[PDB]
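To be precise, the following lines are model.cif, and they hold mmCIF, C-alpha atoms and all ligand atoms.
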data_run
#
loop_
_atom_site.label_atom_id
_atom_site.label_comp_id
_atom_site.auth_asym_id
_atom_site.auth_seq_id
_atom_site.Cartn_x
_atom_site.Cartn_y
_atom_site.Cartn_z
CA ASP L 50 37.55 22.09 -27.54
CA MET L 51 34.08 22.63 -29.06
CA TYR L 52 32.73 21.45 -32.42
CA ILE L 53 29.54 21.86 -34.49
CA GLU L 54 27.24 19.21 -36.08
CA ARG L 55 24.33 19.93 -38.48
CA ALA L 56 20.89 19.45 -36.87
CA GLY L 57 18.61 20.49 -39.77
CA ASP L 58 16.95 23.20 -41.89
CA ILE L 59 15.43 26.39 -40.54
CA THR L 60 11.85 26.18 -41.81
CA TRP L 61 8.41 26.92 -40.37
CA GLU L 62 6.39 23.67 -39.92
CA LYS L 63 2.65 23.91 -40.67
CA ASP L 64 0.63 21.75 -38.21
CA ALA L 65 3.38 21.89 -35.55
CA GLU L 66 2.70 21.13 -31.81
CA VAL L 67 1.21 24.29 -30.21
CA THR L 68 2.05 24.72 -26.48
CA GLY L 69 3.22 27.26 -23.83
CA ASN L 70 1.64 30.35 -22.28
CA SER L 71 2.40 34.15 -22.79
CA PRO L 72 3.43 35.77 -19.46
CA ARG L 73 4.02 39.49 -18.96
CA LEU L 74 6.96 39.74 -16.54
CA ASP L 75 8.83 42.72 -15.01
CA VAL L 76 12.53 41.87 -15.42
CA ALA L 77 16.00 43.51 -15.00
CA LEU L 78 19.16 42.86 -17.01
CA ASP L 79 22.54 43.17 -15.28
CA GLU L 80 26.05 43.84 -16.71
CA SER L 81 26.72 40.04 -16.73
CA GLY L 82 23.77 39.47 -19.15
CA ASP L 83 21.62 37.89 -16.39
CA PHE L 84 17.87 38.51 -16.13
CA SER L 85 16.03 38.70 -12.79
CA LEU L 86 12.43 39.29 -11.59
CA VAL L 87 11.56 42.82 -10.42
CA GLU L 88 8.93 43.06 -7.63
CA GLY Z 16 34.42 22.69 -43.26
CA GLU Z 17 30.59 22.65 -43.32
CA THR Z 18 29.23 26.16 -43.97
CA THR Z 19 25.71 25.25 -45.28
CA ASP Z 20 22.82 27.35 -43.86
CA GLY Z 21 20.86 25.62 -41.06
CA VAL Z 22 20.71 24.84 -37.33
CA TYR Z 23 23.74 23.09 -35.69
CA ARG Z 24 24.50 21.56 -32.28
CA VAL Z 25 27.51 22.84 -30.29
CA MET Z 26 29.30 19.85 -28.71
CA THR Z 27 32.29 19.38 -26.37
CA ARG Z 28 34.50 16.31 -25.73
CA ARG Z 29 36.05 17.94 -22.54
CA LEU Z 30 33.45 16.47 -20.20
CA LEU Z 31 32.29 12.76 -20.05
CA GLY Z 32 31.54 11.37 -23.56
CA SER Z 33 30.31 13.95 -26.10
CA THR Z 34 28.12 16.60 -24.42
CA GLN Z 35 25.85 19.13 -26.17
CA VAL Z 36 26.48 22.58 -24.58
CA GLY Z 37 24.22 24.51 -26.98
CA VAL Z 38 22.92 25.19 -30.52
CA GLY Z 39 23.56 27.78 -33.28
CA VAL Z 40 22.38 29.22 -36.61
CA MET Z 41 24.50 29.23 -39.77
CA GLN Z 42 23.49 32.03 -42.16
CA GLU Z 43 25.43 33.80 -44.92
CA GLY Z 44 28.62 31.96 -43.80
CA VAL Z 45 28.31 33.27 -40.22
CA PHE Z 46 27.69 31.08 -37.17
CA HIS Z 47 25.43 32.72 -34.56
CA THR Z 48 25.08 31.46 -30.99
CA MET Z 49 24.60 32.61 -27.35
CA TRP Z 50 27.72 33.93 -25.53
CA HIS Z 51 27.34 31.58 -22.49
CA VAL Z 52 27.46 28.49 -24.77
CA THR Z 53 31.01 29.00 -26.08
CA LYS Z 54 32.33 31.75 -23.70
CA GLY Z 55 33.92 33.21 -26.89
CA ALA Z 56 36.11 30.12 -27.58
CA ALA Z 57 37.01 28.91 -31.14
CA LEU Z 58 34.85 26.25 -32.80
CA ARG Z 59 35.61 23.28 -35.04
CA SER Z 60 33.59 22.23 -38.14
CA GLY Z 61 35.28 18.95 -39.04
CA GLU Z 62 38.77 19.90 -40.18
CA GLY Z 63 37.96 23.66 -40.40
CA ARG Z 64 38.20 26.32 -37.71
CA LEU Z 65 35.64 29.02 -36.85
CA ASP Z 66 37.02 32.06 -35.04
CA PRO Z 67 34.90 34.54 -33.06
CA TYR Z 68 34.21 37.88 -34.83
CA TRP Z 69 31.81 39.85 -32.60
CA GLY Z 70 30.55 39.15 -29.06
CA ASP Z 71 28.84 40.84 -26.07
CA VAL Z 72 28.21 39.34 -22.56
CA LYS Z 73 25.24 41.64 -21.74
CA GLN Z 74 23.32 40.83 -24.95
CA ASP Z 75 24.58 37.17 -24.48
CA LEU Z 76 25.39 36.82 -28.23
CA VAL Z 77 28.42 35.90 -30.37
CA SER Z 78 29.09 35.46 -34.11
CA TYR Z 79 31.82 33.52 -35.92
CA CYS Z 80 33.52 34.25 -39.29
CA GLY Z 81 31.66 37.56 -39.77
CA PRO Z 82 29.31 40.17 -38.32
CA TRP Z 83 25.86 39.25 -36.87
CA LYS Z 84 23.47 38.65 -39.89
CA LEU Z 85 20.09 38.07 -38.21
CA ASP Z 86 17.83 41.14 -38.28
CA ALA Z 87 14.21 39.86 -38.36
CA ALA Z 88 11.99 40.96 -35.45
CA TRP Z 89 8.94 39.56 -33.59
CA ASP Z 90 5.88 41.57 -34.77
CA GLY Z 91 4.40 41.67 -31.23
CA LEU Z 92 1.23 39.85 -32.33
CA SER Z 93 1.81 36.51 -34.08
CA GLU Z 94 2.69 33.04 -32.85
CA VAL Z 95 6.30 31.97 -33.44
CA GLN Z 96 8.17 28.64 -33.69
CA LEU Z 97 11.00 27.64 -31.42
CA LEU Z 98 13.09 25.24 -33.55
CA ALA Z 99 14.23 23.33 -30.44
CA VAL Z 100 17.33 21.11 -30.81
CA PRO Z 101 17.66 19.25 -27.45
CA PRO Z 102 20.66 17.09 -26.39
CA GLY Z 103 20.46 13.60 -27.96
CA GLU Z 104 17.11 14.47 -29.54
CA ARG Z 105 15.96 15.35 -33.05
CA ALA Z 106 15.24 19.02 -33.99
CA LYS Z 107 11.57 19.82 -33.44
CA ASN Z 108 9.41 22.89 -34.17
CA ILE Z 109 7.22 24.03 -31.25
CA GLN Z 110 4.62 26.77 -31.86
CA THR Z 111 3.82 29.29 -29.10
CA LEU Z 112 2.52 32.84 -28.58
CA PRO Z 113 5.23 34.87 -26.87
CA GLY Z 114 4.75 36.84 -23.70
CA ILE Z 115 6.60 40.03 -22.72
CA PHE Z 116 9.65 40.95 -20.62
CA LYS Z 117 8.99 44.53 -19.43
CA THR Z 118 12.43 46.19 -18.82
CA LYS Z 119 13.59 49.78 -17.97
CA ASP Z 120 14.86 50.10 -21.60
CA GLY Z 121 11.80 48.64 -23.39
CA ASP Z 122 9.86 45.38 -23.95
CA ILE Z 123 11.25 42.07 -25.25
CA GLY Z 124 9.31 39.10 -26.60
CA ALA Z 125 9.62 36.01 -24.39
CA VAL Z 126 8.84 32.31 -24.93
CA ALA Z 127 7.54 30.13 -22.11
CA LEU Z 128 8.84 26.71 -23.15
CA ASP Z 129 10.98 24.59 -20.80
CA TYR Z 130 14.04 22.89 -22.34
CA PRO Z 131 17.48 21.72 -21.03
CA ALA Z 132 20.25 24.36 -20.80
CA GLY Z 133 22.00 22.53 -23.69
CA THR Z 134 19.14 23.75 -25.97
CA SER Z 135 20.53 27.41 -25.68
CA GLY Z 136 21.05 29.08 -29.08
CA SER Z 137 18.10 27.29 -30.74
CA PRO Z 138 16.44 29.70 -33.20
CA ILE Z 139 13.02 31.32 -32.79
CA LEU Z 140 11.24 31.74 -36.19
CA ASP Z 141 8.41 33.75 -37.80
CA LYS Z 142 5.86 32.41 -40.39
CA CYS Z 143 8.42 33.27 -43.16
CA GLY Z 144 11.16 31.02 -41.64
CA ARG Z 145 13.29 34.01 -40.57
CA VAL Z 146 15.26 33.90 -37.33
CA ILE Z 147 13.73 36.54 -35.04
CA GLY Z 148 16.03 35.63 -32.09
CA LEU Z 149 17.70 32.88 -30.04
CA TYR Z 150 16.41 30.85 -27.05
CA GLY Z 151 18.46 30.44 -23.85
CA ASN Z 152 18.63 33.66 -21.85
CA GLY Z 153 15.74 34.46 -19.56
CA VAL Z 154 14.45 33.92 -16.04
CA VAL Z 155 13.09 31.23 -13.63
CA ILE Z 156 9.51 32.01 -12.57
CA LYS Z 157 8.03 31.12 -9.09
CA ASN Z 158 6.99 27.52 -10.06
CA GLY Z 159 10.49 26.49 -11.27
CA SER Z 160 9.82 26.76 -15.05
CA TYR Z 161 12.05 28.83 -17.42
CA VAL Z 162 10.87 31.72 -19.61
CA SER Z 163 13.45 32.81 -22.21
CA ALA Z 164 13.71 36.14 -24.00
CA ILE Z 165 13.62 36.19 -27.81
CA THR Z 166 17.24 37.52 -27.98
CA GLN Z 167 18.12 39.27 -31.24
CA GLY Z 168 21.39 40.90 -32.32
CA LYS Z 169 22.00 43.99 -34.43
CA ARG Z 170 22.89 43.70 -38.14
CA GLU Z 171 25.48 46.49 -38.75
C1 LIG U 1 16.68 26.47 -15.51
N1 LIG U 1 17.27 26.85 -16.78
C2 LIG U 1 18.33 27.63 -16.98
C3 LIG U 1 18.52 27.73 -18.35
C4 LIG U 1 19.41 28.43 -19.20
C5 LIG U 1 20.57 29.22 -18.65
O1 LIG U 1 21.00 28.95 -17.53
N2 LIG U 1 21.03 30.24 -19.40
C6 LIG U 1 22.15 31.08 -19.16
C7 LIG U 1 23.31 30.59 -18.56
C8 LIG U 1 24.39 31.42 -18.33
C9 LIG U 1 24.29 32.77 -18.65
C10 LIG U 1 23.15 33.26 -19.27
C11 LIG U 1 22.05 32.44 -19.50
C12 LIG U 1 23.33 34.72 -19.57
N3 LIG U 1 24.48 35.06 -18.72
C13 LIG U 1 25.31 33.86 -18.53
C14 LIG U 1 19.26 28.26 -20.57
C15 LIG U 1 18.24 27.49 -21.11
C16 LIG U 1 17.32 26.84 -20.32
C17 LIG U 1 17.47 26.96 -18.91
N4 LIG U 1 16.70 26.42 -17.94
#
Translate the structure described by the file into structure tokens.
Ligand SMILES: Cn1cc2c(C(=O)Nc3ccc4c(c3)CNC4)cccc2n1
Amino acid sequence: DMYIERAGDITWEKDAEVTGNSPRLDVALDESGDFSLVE
Amino acid sequence: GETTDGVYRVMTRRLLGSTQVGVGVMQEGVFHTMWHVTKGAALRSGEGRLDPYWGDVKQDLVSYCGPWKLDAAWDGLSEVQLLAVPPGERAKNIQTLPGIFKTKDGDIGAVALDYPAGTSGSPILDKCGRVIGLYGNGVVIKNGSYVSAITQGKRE
């Protein structure tokens, strides 16, 4: 049995930590909603 | 019970202690999360009950109390903010420039930020604070890291 608890507001934060890259990937989506890499 | 707009954690008491299985967005009285977080099961908000309304395994999305309300889209150019809510940790905005998932039915924005599976359903935002999609369904690239799609529903 699952329950929900408030975590905060949905706002954009100016001066937030900027990280992560931007990869262009060939992917496939199956009937089960699962992504996979196409090569 | 609580129906105020905002980000919420999805918890379960079924396993050891209280375990965070995911995250969701409350907007216009509708709770939005990823399908694999709840598997379509009912949710509790204190003494109140949230019942599933719409869901789809392939899109990996589900809404509670009403139809999917989130219709903002990534513009394909700007940086976004993942409002990450990790297990046992405080909500934190992380800014990134999304990459692309090239599929046979079109391109999807994707965020390359590694977080625990219990962070699934955390909202991805634009500079206006609008939810452009949810984090938690993507792929594992060659080095072990996760790259999630910016998964957005359809507002009927
Ligand atoms: C290594 N890693 C895996 C992560 C996931 C994750 O397993 N998602 C997930 C799980 C089950 C299903 C779907 C997606 C869609 N179809 C059913 C989520 C967030 C971070 C993750 N890191």
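Restricting the calculation to only C-alpha atoms, the smallest distance between residue L:77 and any of Z:140, Z:119, Z:170, Z:158 is found for Z:119.
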For ligand LIG 1 (chain U), which residue out of Z:131, Z:114, Z:55, Z:136 is the nearest one, using all atoms listed in the file? Z:131
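In chain Z, the set of residues within 6 Å of chain L (atoms considered: only C-alpha atoms) is residues 21, 22, 23, 24, 25, 26, 27, 58, 59, 60, 72, 73, 74, 75, 109, 110, 111, 112, 113, 114, 115, 116, 117, 118, 127, 128, 144, 153 and 154 of chain Z.
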With distances taken over all atoms listed in the file, which of Z:167, Z:93, Z:53, Z:108 is nearest to ligand LIG 1 (chain U)? Z:53
Distance cut-off 9 Å, centre (28.0, 33.3, -34.9) in file coordinates, counting all atoms listed in the file: which residues qualify? Return them as an mmCIF file with C-alpha atoms, in the coordinates of the input.
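Written file, out.cif:
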data_model
loop_
_atom_site.group_PDB
_atom_site.id
_atom_site.type_symbol
_atom_site.label_atom_id
_atom_site.label_comp_id
_atom_site.auth_asym_id
_atom_site.auth_seq_id
_atom_site.Cartn_x
_atom_site.Cartn_y
_atom_site.Cartn_z
ATOM 1 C CA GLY Z 39 23.560 27.780 -33.280
ATOM 2 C CA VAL Z 40 22.380 29.220 -36.610
ATOM 3 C CA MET Z 41 24.500 29.230 -39.770
ATOM 4 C CA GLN Z 42 23.490 32.030 -42.160
ATOM 5 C CA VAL Z 45 28.310 33.270 -40.220
ATOM 6 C CA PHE Z 46 27.690 31.080 -37.170
ATOM 7 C CA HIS Z 47 25.430 32.720 -34.560
ATOM 8 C CA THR Z 48 25.080 31.460 -30.990
ATOM 9 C CA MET Z 49 24.600 32.610 -27.350
ATOM 10 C CA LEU Z 65 35.640 29.020 -36.850
ATOM 11 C CA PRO Z 67 34.900 34.540 -33.060
ATOM 12 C CA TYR Z 68 34.210 37.880 -34.830
ATOM 13 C CA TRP Z 69 31.810 39.850 -32.600
ATOM 14 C CA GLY Z 70 30.550 39.150 -29.060
ATOM 15 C CA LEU Z 76 25.390 36.820 -28.230
ATOM 16 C CA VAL Z 77 28.420 35.900 -30.370
ATOM 17 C CA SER Z 78 29.090 35.460 -34.110
ATOM 18 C CA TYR Z 79 31.820 33.520 -35.920
ATOM 19 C CA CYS Z 80 33.520 34.250 -39.290
ATOM 20 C CA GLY Z 81 31.660 37.560 -39.770
ATOM 21 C CA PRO Z 82 29.310 40.170 -38.320
ATOM 22 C CA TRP Z 83 25.860 39.250 -36.870
ATOM 23 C CA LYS Z 84 23.470 38.650 -39.890
#
